[PDB]
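**Q** Before anything else, here's the structure in question.
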RNA sequence: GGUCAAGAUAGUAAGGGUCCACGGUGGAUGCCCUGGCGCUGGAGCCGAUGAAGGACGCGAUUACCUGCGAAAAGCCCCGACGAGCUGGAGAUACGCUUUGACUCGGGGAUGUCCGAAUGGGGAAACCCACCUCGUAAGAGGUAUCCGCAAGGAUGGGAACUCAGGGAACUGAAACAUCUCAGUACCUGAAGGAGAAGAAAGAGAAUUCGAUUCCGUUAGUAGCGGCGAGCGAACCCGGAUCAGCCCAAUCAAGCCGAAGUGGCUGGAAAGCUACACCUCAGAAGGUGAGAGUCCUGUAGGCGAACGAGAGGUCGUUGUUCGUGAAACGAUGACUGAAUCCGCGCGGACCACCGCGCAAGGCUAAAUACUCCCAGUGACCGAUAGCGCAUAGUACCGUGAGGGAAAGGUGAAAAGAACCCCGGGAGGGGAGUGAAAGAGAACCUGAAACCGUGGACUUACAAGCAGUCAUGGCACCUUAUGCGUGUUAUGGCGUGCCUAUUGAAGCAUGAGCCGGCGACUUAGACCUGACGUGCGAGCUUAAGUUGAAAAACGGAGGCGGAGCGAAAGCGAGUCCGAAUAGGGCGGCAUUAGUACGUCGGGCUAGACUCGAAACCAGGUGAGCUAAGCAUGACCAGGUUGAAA
RNA sequence: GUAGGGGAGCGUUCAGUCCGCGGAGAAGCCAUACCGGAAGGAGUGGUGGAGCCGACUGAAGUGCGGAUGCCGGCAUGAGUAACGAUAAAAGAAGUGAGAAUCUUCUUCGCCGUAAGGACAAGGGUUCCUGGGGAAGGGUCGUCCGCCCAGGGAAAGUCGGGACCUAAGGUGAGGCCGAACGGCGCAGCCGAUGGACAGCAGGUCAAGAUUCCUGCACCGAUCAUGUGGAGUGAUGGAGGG
RNA sequence: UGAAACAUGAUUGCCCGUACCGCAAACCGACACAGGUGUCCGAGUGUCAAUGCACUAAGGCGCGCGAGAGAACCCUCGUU
RNA sequence: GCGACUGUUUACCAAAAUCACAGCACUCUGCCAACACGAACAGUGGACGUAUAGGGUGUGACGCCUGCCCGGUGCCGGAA
Ligand SMILES: [Mg+2]
Ligand SMILES: [Mg+2]
Ligand SMILES: [Mg+2]
Ligand SMILES: [Mg+2]
Ligand SMILES: [Mg+2]
Ligand SMILES: [Mg+2]
Ligand SMILES: [Mg+2]
Ligand SMILES: [Mg+2]
Ligand SMILES: [Mg+2]
Ligand SMILES: [Mg+2]
Ligand SMILES: [Mg+2]
Ligand SMILES: [Mg+2]
Ligand SMILES: [Mg+2]
Ligand SMILES: [Mg+2]
Ligand SMILES: [Mg+2]
Ligand SMILES: [Mg+2]
Ligand SMILES: [Mg+2]
Ligand SMILES: [Mg+2]
Ligand SMILES: [Mg+2]
Ligand SMILES: [Mg+2]
Ligand SMILES: [Mg+2]
Ligand SMILES: [Mg+2]
Ligand SMILES: [Mg+2]
Ligand SMILES: [Mg+2]
Ligand SMILES: [Mg+2]
Ligand SMILES: [Mg+2]
Ligand SMILES: [Mg+2]
Ligand SMILES: [Mg+2]
Ligand SMILES: [Mg+2]
Ligand SMILES: [Mg+2]
Ligand SMILES: [Mg+2]
Ligand SMILES: [Mg+2]
Ligand SMILES: [Mg+2]
Ligand SMILES: [Mg+2]
Ligand SMILES: [Mg+2]
Ligand SMILES: [Mg+2]
Ligand SMILES: [Mg+2]
Ligand SMILES: [Mg+2]
Ligand SMILES: [Mg+2]
Ligand SMILES: [Mg+2]
Ligand SMILES: [Mg+2]
Ligand SMILES: [Mg+2]
Ligand SMILES: [Mg+2]
Ligand SMILES: [Mg+2]
Ligand SMILES: [Mg+2]
Ligand SMILES: [Mg+2]
Ligand SMILES: [Mg+2]
Ligand SMILES: [Mg+2]
Ligand SMILES: [Mg+2]
Ligand SMILES: [Mg+2]
Ligand SMILES: [Mg+2]
Ligand SMILES: [Mg+2]
Ligand SMILES: [Mg+2]
Ligand SMILES: [Mg+2]
Ligand SMILES: [Mg+2]
Ligand SMILES: [Mg+2]
Ligand SMILES: [Mg+2]
Ligand SMILES: [Mg+2]
Ligand SMILES: [Mg+2]
Ligand SMILES: [Mg+2]
Ligand SMILES: [Mg+2]
């Protein structure tokens, strides 16, 4: 008995083309370029998952550095005197405190400096 | 310039025809081996 | 592929005979046999009805016009009748005379 | 609040982008069959009484097909059928037929011209005749060979068979013996089959007993640049049987049981409540799925006609390649005995066995499959034959090559009629269940072209993505982990193949569809899983039955090794024994048949791709020339011999 | 994690079997934010019009982006290049639904040992009449060598055969040869040649040494005559 | 004793080919294609003559895309 | 410079110094001639020609000419 593709291929293909939208030109419309575009897209997804884990960390950091400096502290010195008084805060939170909660950041500062000297 | 095919009725027939094709063995053979392929075009006699 | 093909090009009935429509819209109606086409297995009963338009055709008749006449049918919604009952009425074949062959029901004949 | 000043940001889209809606293009997919394909079985020749195959004709209108033959879609006779018929073809008018048509079976008659063509010629289907009879119109005859005559032969046939002739590529990783392989092809003859056949045989048992066929022996004996590779037979089981003579019943057809009511529906066959048939539940048609409508099936009948010698030299055949070369087989030379004789037993000799050369026929089993029928873990429109039909269209001077082609509906009820236009096309209407079927008429994918809408886009640098956030939009697996779109950021070297290394300026590719490549066979090899019997395991060919399978011990595998072999044997071999290799015990252990699979070998062996090689044929209407025959060169200048 | 070996599975068809759906609608197709570890598979909505899902088991033509792969369709290049000789066109008039292009008219331009005329070979209805306008026409077309229908072609003297032979092709007997076959005298086929009786005019929309008018020629068979004894081949010579 | 030859009258007259294109849009070149195709006839004026050249007659056409522009550049040609 | 000359040649990148030629030269060949096509004692060309003919080979009008080497190869002849 013979068994044409009949259906399967159109199936596979559409799957890709439905992943494949928003894509500029041919990419969103022809299979090969679509599936392809998606190979690379794969690479970018994986890496950029861990990557965003980096990037956010960076962001939090610069916000804290700011905070410290807003009084007279370095990031490194603030964070270090916040290791010294053992104030074991996540730094994401520290950003949050720093930019949305003023006088709190103030206190955490005075603390870090105290524990530093 | 001038071409391969310059028709000649007497040539055509005295060359490819039926008295001609039957005059030789391999032309009998051409004949029936054509017939088998269901030629309407048996031979240039049949033009 | 012919219609009488699978019906041994066989007309179980005849030109003249009364008929009753088994299955269809015309469920049960009476009709003399006006036209019985065996090969195509098609046939005309005075029932059916139809409105046909016979197009421009200037001769005869300049304008078109229409026509109430009737569409033929398939000898498989055609049914022979039983004089008594008059309905869904099979047929047996018997012999009256004298090498004349005939046709009964479960109570002959027709 | 007006003026001026500094600073910030908005909107427009020529066009484009993403998404969305809506068509177009195209004809994938699903469904379907009106066409295939294979296997089993049946059937199997035609023709001088004109074959296959054609040409031209026959029609009220006739281009193609079909049927036919100037008696021309037909004619006579018989038989079945009994109401319709007037070919596909779907068109009018003409008609025919219950005194029996049409269709079917069975014979007959008529059958132009070409074609073995056959009165002679010819470029097939055309030209010109002579003879006999006729009043003419017509009819017959006029080939050649075997024959006294009567009579037979000629040509065609897909394969199947026999014969004369007989390749190469290939493999041996080169080639030449060799292998391909007596294969491809050519030719001759012949049949429904053919061939072969009634022993100077196999042979080793003082056994069998014509042949052909299958199983098996058996990849054993052997062949071989002993390399590649090549490879029997006797016996044993089956199929089917035969041995004779001469020279001193199917083919046309008929007949066949048993349901209705309501319900949905455009439509009942489906749902349902109660029914009956069955030797009949195989199938197909009917508005959607019918045991009980129809045609049928199980069954029963069934026709006038109808069918049932030796030797020598060069060589070769079998497993037979000069090898110890037997034997047959023939080309050339030689050409013995006929019974107290002849031929063979693989050189050769005796012995001892099997055999009757020089004369013929022979059914049966076997091979094939143009054709007919039945079936199918065969195809359904890129499949399947090349063809849903066509060897046609088209290409080719020729031989030869050679396509894509499918679908309105249940039924034509095929759209009278009004509207814009010459039309084409469309918008109504009307039919239908549906015109979301309208004749470019089933679904209608994708590339591809457009209209509209959302959000965006004119200081911007880009493998076109990702990931984060803001904007805007939307709310039928959907108000949150949202969806569409977007701005800004970070980040980021298409895919494949080929490689030391690919974004590569290295290969491939316009895009999307659909077709596209690791298989099959053998009762071979060897393994893994599994199973059934288990010191035991197992059939093959066949036979019978066959909506199933059973029978079939003939042979196969295990049983014991060792040597070169004879042979010996839990031993054996080398040798004179020793000392050892192989082996048995062992300190112990299982086989075999099936099946699924991982590998192997032989054959195309994963698919595609050569340049080349060989056979048979087709081409000198092109070009190179030959031959026979015709044709052709305004006008002018120069001024040889004699 | 590359070549590679191993493990478990996803989907496609055909098949056996069961669960079972379907005109209150099957498959196929279309949309989507659901589910599964993945091959994948469900829900609902729109399409469609008559068939099909699921489980288990069996057998495969069983999963494509590539092969400068094959078939087909549609894109790019692009509204680009080109419209096929630089012999050249104007105005009026007409027709038509529509005209630079078709039909009249009046001019202009080109060929004129041709770009005129008559034949042959080849082609095959392309000729003439009336009509048509899808496509063929390199634009347009009302037009055409395209489409439809109907008509048209006439021979004793032209040309070929009923006569001849060349090259060549044949060819009973004949000479050869594994077969098919290869030769081959006479005879026969074979025009490109030999032979041979008619010229002048007229006319259909379309024929012309054919038909028609006028006046000829050649062979053949019969008859009345001049008859009044020779006719003259399958061989001879001349001639051609 | 009807042999030829002849005159005249009668009478007879087979078979195919004849359209049209045929130096081309109708044949061979895939095409309504600047090619190829064999023989005949092919007027006049001027010119030593002529089938030569210019221009003409009879006849046949203006070759089946048009219109405008008046740059680069390209082709064929004039003058320098 | 090359060829003497008229001629010929690579259809579709080479027309010449190519090739042919008249001329000369070596040999071969006595007729069923050599030589050539050939299933082949066929038949055919050679040729219905006959050594002033026919084949093969080379040079290449014409003019003055064409030397030296016979060991190897070929060829002709010889014979113990
Ligand atoms: Mg980290
Ligand atoms: Mg716009
Ligand atoms: Mg016919
Ligand atoms: Mg009768
Ligand atoms: Mg009947
Ligand atoms: Mg008759
Ligand atoms: Mg004849
Ligand atoms: Mg070889
Ligand atoms: Mg080899
Ligand atoms: Mg035969
Ligand atoms: Mg011997
Ligand atoms: Mg041998
Ligand atoms: Mg012997
Ligand atoms: Mg399809
Ligand atoms: Mg096909
Ligand atoms: Mg209309
Ligand atoms: Mg838009
Ligand atoms: Mg800037
Ligand atoms: Mg901007
Ligand atoms: Mg790949
Ligand atoms: Mg490299
Ligand atoms: Mg690049
Ligand atoms: Mg590249
Ligand atoms: Mg490379
Ligand atoms: Mg096992
Ligand atoms: Mg096994
Ligand atoms: Mg393999
Ligand atoms: Mg199933
Ligand atoms: Mg299905
Ligand atoms: Mg592809
Ligand atoms: Mg490329
Ligand atoms: Mg433009
Ligand atoms: Mg451009
Ligand atoms: Mg431009
Ligand atoms: Mg242009
Ligand atoms: Mg033009
Ligand atoms: Mg012009
Ligand atoms: Mg006027
Ligand atoms: Mg008008
Ligand atoms: Mg014009
Ligand atoms: Mg002319
Ligand atoms: Mg005309
Ligand atoms: Mg046009
Ligand atoms: Mg008009
Ligand atoms: Mg001959
Ligand atoms: Mg002539
Ligand atoms: Mg004459
Ligand atoms: Mg004549
Ligand atoms: Mg006359
Ligand atoms: Mg004609
Ligand atoms: Mg033109
Ligand atoms: Mg031309
Ligand atoms: Mg003249
Ligand atoms: Mg003149
Ligand atoms: Mg001139
Ligand atoms: Mg003209
Ligand atoms: Mg301007
Ligand atoms: Mg100057
Ligand atoms: Mg020269
Ligand atoms: Mg050249
Ligand atoms: Mg040249």
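Coordinate-derived values only; no laboratory data. As a convention, Cβ positions derive from the backbone with ideal geometry for all residues, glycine included, and neighbour counts pool all protein chains shown.
**Q** Residues A:51, A:40: which one is exposed (fewer than 10 other Cβ atoms within 10 Å of the Cβ) and either farther than 30 Å from residue A:104 by Cβ or near RNA strand D (Cβ under 7 Å from one of its atoms) (or both)? Don't jump to the end; show me each part of the working.
**A** Details: A:51 fails: exposed (fewer than 10 other Cβ atoms within 10 Å of the Cβ).
Just one listed residue meets the conditions, A:40.
**Q** Among the residues of region C:1-41, how many are in a strand (DSSP E or B) and farther than 13 Å from residue C:74 by Cα?
**A** Adding up the residues that qualify gives 7.
**Q** Further question: Restricting to region B:1-21, count the residues that are near RNA strand D (Cβ under 6 Å from one of its atoms) and surrounded by 14 or more Cβ atoms within 10 Å (Cβ to Cβ).
**A** 5
**Q** What do you reckon, is residue A:5 under 30 Å from residue A:92 (Cβ atoms) and either surrounded by 11 or more Cβ atoms within 10 Å (Cβ to Cβ) or away from ligand 1 (no atom under 16 Å from the Cβ) (or both)?
**A** The answer is no for residue A:5.
**Q** Ok, one more. Quick one: which residue in C:79, C:72 is in contact (Cβ under 8 Å) with a residue 60 or more places away in the chain, surrounded by 12 or more Cβ atoms within 10 Å (Cβ to Cβ) and either in contact with a strand residue (DSSP E or B) (Cβ under 8 Å, 6 or more places away or on another chain) or away from chain B (no Cβ under 14 Å) (or both)? Before you say what the answer is, go through the steps one by one.
**A** On the way: C:72 fails: in contact (Cβ under 8 Å) with a residue 60 or more places away in the chain.
The match here is C:79.
**Q** Among A:39, A:17, which is the only one that is assigned to a helix (DSSP H, G or I), away from RNA strand F (no atom under 16 Å from the Cβ) and under 25 Å from the mean Cα position of the chain (by Cα)?
**A** So the residue among A:39, A:17 that is assigned to a helix (DSSP H, G or I), away from RNA strand F (no atom under 16 Å from the Cβ) and under 25 Å from the mean Cα position of the chain (by Cα) is A:39.
**Q** Scan region A:70-82 residue by residue and report those that are surrounded by 13 or more Cβ atoms within 10 Å (Cβ to Cβ) and closer than 19 Å to residue A:57 by Cα.
**A** A:75, A:77, A:78, A:79, A:80, A:82
**Q** What single numbered condition from (1) loosely packed, with under 10 Cβ neighbours inside 10 Å; (2) touching a helix residue (DSSP H, G or I) at 6+ places or on another chain (Cβ under 7 Å) fails to hold for residue B:40?
**A** It is condition (2) that residue B:40 fails.
**Q** Separate question: I'm trying to understand the selection: among the residues of region C:42-69, which are in a loop (DSSP other than H, G, I, E, B), more than 7 Å from RNA strand D (Cβ to nearest atom) and either without any contact (Cβ under 8 Å) to a residue 24 or more places away in the chain or farther than 23 Å from residue C:82 by Cβ (or both)?
**A** Scanning region C:42-69 gives C:49, C:57, C:58, C:59, C:60, C:61, C:62, C:69.
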